[PDB]
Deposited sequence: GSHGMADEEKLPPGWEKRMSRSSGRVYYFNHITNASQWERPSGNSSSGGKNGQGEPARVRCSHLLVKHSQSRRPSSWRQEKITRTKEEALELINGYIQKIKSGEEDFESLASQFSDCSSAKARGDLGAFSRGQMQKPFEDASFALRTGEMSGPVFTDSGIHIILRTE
């Protein structure tokens, strides 16, 4: 009896059930509570040496590995979930996408327009909800659905 894309999982380190979304890679302790033509999202992108365009306003030659990019992504997720940092502030400071200028805002879009893994996570999110790591050809994303 779980919303779309959510499933119950067992955590081995703590021995407790949690909830996992296999579309967004979101996870949380708490049980989670047509689809629209368009959603609005912000994101924080961390590129790596195998991104389709491995450079950004933050560095001319992006050399980090995929797993280094994932480590940075998880660090940002930790700070956001714990309240140590705001999503928008981290996107402005550290996103490798030029949308960092607008605090990660990408505006509105509909299915078919974005990269498929990005689109699926975005439409699987509920408004105000945040994804886990989402992998695309651009790099690794954190996605926040704002409308």
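- Unmodelled regions of the deposited chain sequence (numbering from residue 1, in sequence order): 1-9, 43-53.
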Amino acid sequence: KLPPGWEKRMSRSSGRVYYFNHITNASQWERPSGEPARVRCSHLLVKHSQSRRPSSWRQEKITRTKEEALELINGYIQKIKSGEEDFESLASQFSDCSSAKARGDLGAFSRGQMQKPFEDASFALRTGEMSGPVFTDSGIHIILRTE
From here on, numbers count along this sequence of modelled residues.
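- When the two stretches 59-67 and 98-106 are set side by side, the higher mean Cα temperature factor goes to 59-67.
- Judged by mean Cα B factor in the deposited record, 118-126 ranks above the other of 118-126 and 87-95.
- Ranked by Cα temperature factor within the chain, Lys1 sits in the highest third according to the deposited record.
- In the PDB entry, a CA B factor belonging to the middle third of its chain's modelled residues is recorded for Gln50.
- When the modelled residues of the chain are ordered by C-alpha B-factor, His43 sits in the lowest third.
- Per the deposited record, the Cα B-factor of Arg16 falls in the highest third when ranked against the other modelled residues of its chain.
- Placement of the Cα temperature factor of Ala37 within the chain: highest third of the modelled residues, per the deposited record.
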